[PDB]
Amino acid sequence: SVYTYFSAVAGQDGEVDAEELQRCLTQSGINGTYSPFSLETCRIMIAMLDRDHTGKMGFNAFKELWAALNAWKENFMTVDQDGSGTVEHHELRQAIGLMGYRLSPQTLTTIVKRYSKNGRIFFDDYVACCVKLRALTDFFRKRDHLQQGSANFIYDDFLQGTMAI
C-alpha cells in the first residue's frame, strides 16, 4: 500500500518533507513507466497543502494529494492520444479543460513554454503544472468568494501567496 510506504519514509515526526515524499511516491509506482517525480515537484506538492506552513505534509493531507495525483494521472493518459508519454500543447489544453480551468490562448502558450523540456512536457512537469494551477487558484479563490473571476491583492499578500509555492 502507498500508505505503508508513507509510514516507512515518514521518519520520527510522522510527516513527510519533499525528499521523503519523493521516496514514498516512487515506491508507490504511481509514475508507472514514466520517470519518478523530481524533488522540486514534490516540494510544490507539499506547498499546495502546507496549510500550517511547516514545509511538511501530514497523512490526511497526503490522502488528498494521492487522490489528486491519480486523477491527474488518468487525465494524462486520457489526453496523451499519441501515447508519446508526453503532453503536447493541444493535449495539455484538453487536460486543463478536464480540470475545469477556462484559460486564454496566451496563458496556455505561456504554460506550455514554461513546462516544456527540449520541446515536450513529461509526466513530472505535467504534474508540477497541475499542482501549481491548483495552489495558485486556491490562493486566488480566497480573494474571490463570489467567484467573479477577479480579485484585489495588496502587494505583500500577493507575494506571500505566490512566493510560498
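All residue numbers are counted from 1 along the displayed sequence.
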Should the higher mean CA B-factor in the entry be assigned to 113 to 121 or to 135 to 143?
113 to 121
Comparing 33 to 41 with 59 to 67, which stretch shows the greater average C-alpha B-factor in the deposited entry?
33 to 41
Going by the entry, which third of its chain does the Cα temperature factor of residue 94 land in?
lowest
When the modelled residues of the chain are sorted by Cα temperature factor, does residue 160 land in the lowest, middle or highest third?
highest
Assert third(CA B-factor, residue 148) within chain per record equals highest
Going by the recorded CA B-factors, say which third of the chain residue 49 sits in, lowest, middle or highest.
highest
Divide the modelled residues of the chain into thirds by Cα B-factor and specify which third, lowest, middle or highest, holds residue 4.
middle
